[PDB]
Structures are given as C-alpha cells and as structure tokens.
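In the deposited numbering, the protein residues as written are 35 to 584. For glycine and all other residues, C-beta sits at the position ideal for the given N, C-alpha and C.
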Ligand code: NA
C-alpha cells in the first residue's frame with residue numbers, strides 16, 4: 035500500500051520489491067544502512083533507468099549513536115581527459131542535448147558502489163553478500179515489471195536501439211509491456227562477481243576496463259586510471275531553520291539544499307497559510323519565488339572544490355529582504371536576473387555568469403528512505419542522470435552507464451563549467467527535518483532541476499499549511515525556472531491557471547507529473563514510524579514490527 039505504519043522499522047521506496055527486501059533486512063536484525071544498500075541493489079534491478087552502480091547519488095545518514103548527520107557523497111567525477119569545450123563542436127556552438135545525452139563524454143566515473151562500500155564500512159552490520167543476493171536472484175530468475183518501467187522502455191526505444199540493451203529490453207524489436215518478465219543474466223553475473231571480489235572488481239578489475247572500452251568506443255576519454263583514482267567524499271549538511279524546525283540538506287556540489295532553503299526564507303514572510311492551497315495568490319508567489327531562486331542557481335552554483343559558492347550571502351536575511359522587494363501580489367517580475375549575494379559575503383567569484391541554452395530534457399532519479407529501531411535515519415537520492423542514462427549498456431555485464439556530466443554547462447566560463455575530475459552540479463535534495471535537534475521528518479524527490487521545487491512545496495505544504503504527510507505529498511505542485519518554462523500537476527483549478535496566465539505566466543495546456551516523494555514521519559510520542567509513497571509511481575511503504583526474543 036502507499037501508506038503504512040510500523041513501530042520498529044519503516045521503509046519507503048519507489049518499487050514494492052525493493053521495499054519488501056529492505057523491510058526483510060530490517061526484519062532479521064539489520065539496520066537502516068544495510069537496508070539502504072539492499073534497496074539500492076534492488077532498485078538497480080527493478081528500476082535500471084533511474085539508479086545504478088553505473089551512476090551516483092547523495093546519501094544522507096543520521097547516526098543513532100554519535101547523533102551526527104553526515105552525507106555519503108558519491109557524485110560522479112569527470113575523467114581528467116575531459117575538457118571544458120567537450121560539449122562544443124569545431125564551429126564553437128552547442129551540440130544538441132539529444133547527441134550529448136548519448137555520447138561518451140557524458141559518462142562520469144560511477145560512484146554509487148564505493149558509496150555503498152563506505153556506508154557498509156561505517157555503519158554496516160550485516161554481510162553485503164546477504165544484502166546483494168536477493169537482487170542477484172531477481173536478475174537471474176527475472177521479475178514482472180511495473181508500468182513505469184514499461185512506459186520508460188516504450189518512450190526510449192530509439193536510445194536503447196543503438197546499444198547492447200536491445201536484446202534484453204527489445205527482444206525482437208518490441209518493448210516489454212507491463213506484466214512481461216525482465217531477465218538480466220549479465221547483470222546477475224556482475225552482481226555475483228562483486229559479491230566475490232568486492233569493489234575491487236569494479237574499480238580495479240574487468241568491469242572497470244570494460245566500462246572504459248565501451249565509453250571510449252562511444253567517443254569517451256575515460257581510462258581505467260580514472261576509475262582507480264576515484265574516492266567518495268563525506269559532507270556536512272547545509273542547515274536552515276523553518277517554523278521552529280532545523281532543516282538539514284545537501285550543499286554543493288548539489289544546488290538542492292541551498293535554494294530550497296532560499297525559497298523557504300523568501301516565501302516565509304508572505305505567510306501562505308493566509309490563502310487557499312489552490313488559490314491564485316499561492317501559485318503566483320511560488321512562481322515569483324522560484325524564478326529568483328533558479329536565477330541565482332544558474333549563476334552561483336558549482337563544485338565547491340573548484341569554485342566558490344556564496345551560501346552565506348544566498349541565505350542572508352537582509353539579502354532575502356532585498357530579493358523580496360521583487361516579489362508582490364500586485365505585479366509580476368519580468369526582469370529575473372540573479373541577485374548579488376557577494377555584498378553580504380567575504381570573497382569574490384572566480385568565474386563569470388555564462389548564459390546557457392535551455393535544451394535540457396529533465397531527467398529522473400529515484401529517492402528512498404529507511405528508519406530502524408536505533409534512531410538511524412537514511413535518506414538517499416540516487417541517480418543515473420536520465421532514464422537509462424546514456425543508454426549505453428556495458429557489454430557482457432548488462433549495466434547502464436550514466437550521462438551525469440551533461441549537468442555541466444555546455445558553454446564554459448561559469449561555475450558549472452566542465453572541468454577534469456570535477457563533479458557536475460546536481461539538483462537532488464535529500465533532506466531531514468529536525469525538532470529539538472532530533473529527526474522528525476524525511477523529504478526527498480527525483481526529477482532533476484524540478485526536485486528543489488518538489489521538496490520545497492512539500493515541506494511548505496506540511497508546515498505552513500499543516501497538512502497531513504500524504505496530503506502534503508499528493509497536493510498538486512508547480513515548477514518554473516524562467517519566464518518561458520512552466521509546469522503544473524493535475525489538480526490546479528482551470529480558472530486559476532487562466533488568470534495566472536492573464537497575469538503574465540505561461541502555463542501550458544496539459545499537466546505533467548512533478549517529482550515523486552517518499553517520506554517517513556517519526557512519531558516519538560506514539561513510538562511509531564509512518565511511511566508514505568507518492569502516487570506518481572508504484573512506490574511502496576512497508577513497516578516492520580519485531581517481537582521481543584527476535
Ligand atoms: Na541530475
């Protein structure tokens with residue numbers, strides 16, 4: 035079911051099998067981290083277009099013992115053979131996203147598996163053999179697919195029809211429909227090999243060199259030395275405060291936390307509870323806020339190891355006011371340029387503001403969350419950049435490679451320019467909300483740049499409007515990053531949309547799904563966990579109740 039309640043454990047994932055697997059891990063004494071790993075593998079199996087060991091993600095973990103919140107950063111790095119103008123042709127103009135998404139240089143160094151390694155060596159309590167076996171037997175013996183997978187295959191037949199993925203997903207040229215069984219023998223082989231040799235086989239073994247060869251064959255410049263040079267990082271979350279709660283989220287190289295918190299700070303003083311959850315005022319103010327935030331994102335966000343992001347000025351109260359001057363109910367801001375936070379901050383941008391064309395299909399990830407009986411809290415957002423990533427299947431291994439490096443700017447000079455060993459700017463937002471410095475909520479969503487809007491709104495809907503968790507998730511969302519791009523979910527009143535367009539907005543004719551939030555609420559005063567999965571997909575929440583003497 036989409037909503038469940040537990041007392042000793044709780045799991046919320048995008049695929050039911052992964053949910054029941056993680057729940058099983060919790061059931062026989064495992065913790066939230068073990069479950070997180072098992073769920074990662076199960077998601078690799080059942081939803082290979084969203085997450086994988088050929089991709090990367092951000093894993094937020096709240097430790098039950100040390101009471102510390104840390105982040106396993108497994109973002110992909112560019113090879114040192116990667117160049118700033120590698121997204122430009124010989125004529126100095128931007129290669130279309132359709133070709134960029136599938137090319138060799140779009141592939142970054144996969145970091146997921148090493149992230150799982152670090153997580154297992156820090157908080158792991160069960161043998162990873164046990165954690166990977168169910169996924170192995172899920173790829174070996176097959177499984178009946180869901181509607182999301184089938185629709186994804188049918189919508190991306192063309193990308194899959196040029197790689198080693200056809201003979202698996204397009205048997206005779208026909209995509210596997212809902213109910214069809216998906217068998218992945220080669221994937222099972224890779225999982226078994228990893229079960230044998232560990233991460234060694236991936237980063238210093240046959241799998242690595244194979245990935246290298248197929249990448250170079252697709253025009254890439256990645257070497258096995260690039261793989262063997264890779265290490266995950268550990269990040270301290272970015273902190274904000276909203277209506278008495280402390281919010282912990284993802285800092286650079288992700289843009290999620292900073293500007294989600296910025297949107298919160300910007301819209302807080304308008305008190306949206308004053309208006310109706312489907313009124314003109316709320317939607318309008320949301321849009322006006324998002325424009326400013328994304329405007330800043332397009333100019334000030336990038337890998338902190340390479341460029342300086344002005345966090346301190348992006349969240350400064352006086353700066354927030356200065357930007358709030360541009361937000362009003364009586365008019366619409368038609369000149370949406372990035373603000374100047376550097377006033378309120380020591381330092382100077384070591385780059386320039388470089389305009390980018392908006393040729394970006396927006397990609398989808400997967401987010402999941404786990405909670406155990408020891409106060410450990412896991413909120414993991416993992417991704418290959420887009421559905422099936424590049425589409426490139428590692429030959430003989432049945433593994434999809436990401437196109438994460440497209441998250442870089444096509445035109446160099448900016449903070450998010452292509453640099454070697456540099457991590458591309460992400461929009462993912464794994465987030466944990468605390469009260470009295472103790473975890474009470476988990477928020478996270480997939481869908482590239484829209485994620486920030488999905489989380490924000492959700493959080494808003496939960497605290498400003500005080501709605502229930504499922505109501506906060508299911509409450510229709512909107513998205514806009516410019517005066518040209520607008521999206522709205524099914525649920526917005528037609529007259530309100532029409533008036534919004536009369537005010538200068540550009541909402542389209544038909545609605546689309548925005549994000550997919552899985553969340554876990556921690557009710558300590560009732561000693562239970564509540565799990566909710568978004569209806570946008572076939573997500574699932576499963577609770578765990580363990581008897582004493584067990
Ligand atoms: Na992304």
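Query: Quickly, what does DSSP pair residue 587 with across the bridge? List them, please.; Result: With the chain represented from 35 up to 584, any question about residue 587 goes unanswered, as that position is not in the structure.
Query: Quick one: grab the DSSP three-state call for residue 474.; Result: strand
Query: Could you pull out every unbroken beta strand (DSSP E) segment of at least 3 residues lying fully inside the region 534-564, listed in chain order?; Result: 552-557
Query: Is residue 27 near ligand 1, in the sense that its beta carbon is under 7 Å from a heavy atom of that ligand?; Result: The first residue shown for the chain is 35 and the last is 584, placing residue 27 beyond what the model contains.
Query: Rounded to the nearest angstrom, how far is the Cβ of residue 224 from that of residue 75, given a contact under 8 Å?; Result: No, residue 224 and residue 75 are not in contact; Cβ-Cβ is about 11 Å, not under 8 Å.
Query: Which residue marks the beginning of the beta strand (DSSP E) containing residue 94, and which one marks its end?; Result: 90-96
Query: Do residue 482 and residue 88 come within 8 Å of each other at the CB atom, strictly closer than that value?; Result: no
Query: For ligand 1, which residues count as neighbours when the test is a C-beta closer than 6 Å to any heavy atom?; Result: 397, 417, 419, 441, 460, 461 and 482
Query: Among residues of its own chain, excluding the 5 on either side of residue 385, which ones have a beta-carbon nearer than 8 Å to its beta-carbon?; Result: 336, 341, 447, 448, 449 and 451
Query: By DSSP, does residue 532 sit in helix, in strand, or in coil?; Result: helix
Query: What are the boundary residues of the beta strand (DSSP E) that includes residue 268?; Result: 267-269
Query: Start and end of the beta strand (DSSP E) containing residue 413?; Result: 411-417
Query: So is residue 535 buried or exposed if we call it buried at 16+ other beta carbons inside 10 Å?; Result: exposed
Query: What first and last residue would you give for the alpha helix (DSSP H) that runs through residue 188?; Result: 181-189
Query: Quick one: what's got a C-beta closer than 6 Å to residue 522's C-beta in the same chain, skipping five residues either side?; Result: 512, 541 and 545
Query: Just how far apart, CA to CA, sit residue 309 and residue 537?; Result: 18 Å
Query: What separation, rounded to the nearest whole angstrom, lies between the Cα atoms of residue 39 and residue 573?; Result: 15 Å
Query: Put residue 212 into one of helix, strand or coil per three-state DSSP.; Result: coil
Query: Can you tell me which residues form a DSSP beta bridge with residue 466?; Result: 282 and 476
Query: Beta carbon of residue 329, beta carbon of residue 372: below 8 Å?; Result: yes
Query: For residue 133, I'd like the list of residues in its chain whose CB is within less than 7 Å of its CB, leaving aside the five on either flank, ordered along the chain.; Result: none
Query: Measure the Cβ-Cβ separation of residue 85 and residue 416 and say whether it is below 8 Å.; Result: yes
Query: So, is residue 251 buried or exposed, given that buried needs 16 or more other C-beta atoms within 10 angstroms?; Result: exposed
Query: For the alpha helix (DSSP H) containing residue 86, name the first residue and the last one.; Result: Careful: residue 86 lies outside any alpha helix (DSSP H) and carries neither H nor E.
Query: Identify whether residue 65 lies in helix, strand or coil by the three-state DSSP scheme.; Result: coil
Query: Which residue marks the beginning of the alpha helix (DSSP H) containing residue 405, and which one marks its end?; Result: Taken as a continuous stretch (DSSP letters only), residue 405 belongs to no alpha helix (DSSP H), being part of the beta strand (DSSP E) at 400-405.
Query: Is residue 164 helix, strand or coil by DSSP?; Result: helix
Query: To which residues of the same chain is residue 526 closer than 6 Å at the C-beta, ignoring the five residues directly before and after it?; Result: 510
Query: Among residues of its own chain, excluding the 5 on either side of residue 107, which ones have a beta-carbon nearer than 7 Å to its beta-carbon?; Result: 92, 266, 267, 268 and 269
Query: Ignoring anything shorter than 3 residues or poking outside the region 38-62, list the beta strand (DSSP E) runs there in chain order.; Result: 43-47
Query: Just confirm the distance between the C-beta atoms of residue 180 and residue 407, as a whole number of angstroms; I'd bet it's less than 8 Å.; Result: Contact flag wrong, Cβ pair sits at about 30 Å.
Query: Tell me where the alpha helix (DSSP H) around residue 224 begins and ends.; Result: 219-231
Query: Of the choices 245, 182, 136 and 96, whose alpha-carbon is the least far from that of residue 195?; Result: 136
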